[PDB]
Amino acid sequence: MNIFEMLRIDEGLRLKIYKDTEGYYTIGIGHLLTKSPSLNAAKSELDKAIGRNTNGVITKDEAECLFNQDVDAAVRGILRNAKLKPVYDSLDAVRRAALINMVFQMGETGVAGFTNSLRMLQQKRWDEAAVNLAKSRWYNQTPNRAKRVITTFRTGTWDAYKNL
């Protein structure tokens, strides 16, 4: 297991524009295109992202390209964020992946707002952090995925992604 395999499980792979859990146009391995309700706006974003006139379908190679870019961007967003960088630096490898996963799903600003959870993670108070992380819109809207990420923070193992 690694961050790529973890996010591939959590995000799936679809080669045509689809709506994500929040109803937003997405493609590939969880590549958000836009929050606009306009499908044409989403197709314009896709064409710009891929560099060709795509009319909404991409190849697996193109999906994996966006995924590489998106994982790299999540890591770089963590490291440039004054709230997230110290937490990331304090964590072991498995828990670093859990934090990247959250940023991939919700964005840097959203995760950076989990102030009390982030402090508990820095303090290595893993059971307390796990309880606090579940008191969130995130956990209520995507409970199975949030449970997997939270188990990863609680235990520091990949156990929640084994059997998947």
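In case it trips you up, residue 1 is the first one in the sequence shown, and so on.
Higher mean CA B-factor, judged across 35-43 and 129-137 from the recorded values: 35-43. Looking at mean Cα B-factors across 3-11 and 155-163, the upper value is held by 155-163.
Going by the entry's values, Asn55 shows the largest Cα B-factor out of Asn101, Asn55, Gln69, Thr26.
When the modelled residues of the chain are ordered by C-alpha B-factor, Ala73 sits in the highest third. When the modelled residues of the chain are ordered by their C-alpha B factor, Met106 lands in the highest third.
Ranked against the other modelled residues of its chain, the C-alpha B-factor of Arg148 as given in the entry falls in the lowest third. Among the modelled residues of its chain, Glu64 has a C-alpha B-factor that falls in the lowest third according to the deposited record. Annotation for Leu91: CA B-factor lies in the lowest third of the chain's modelled residues.
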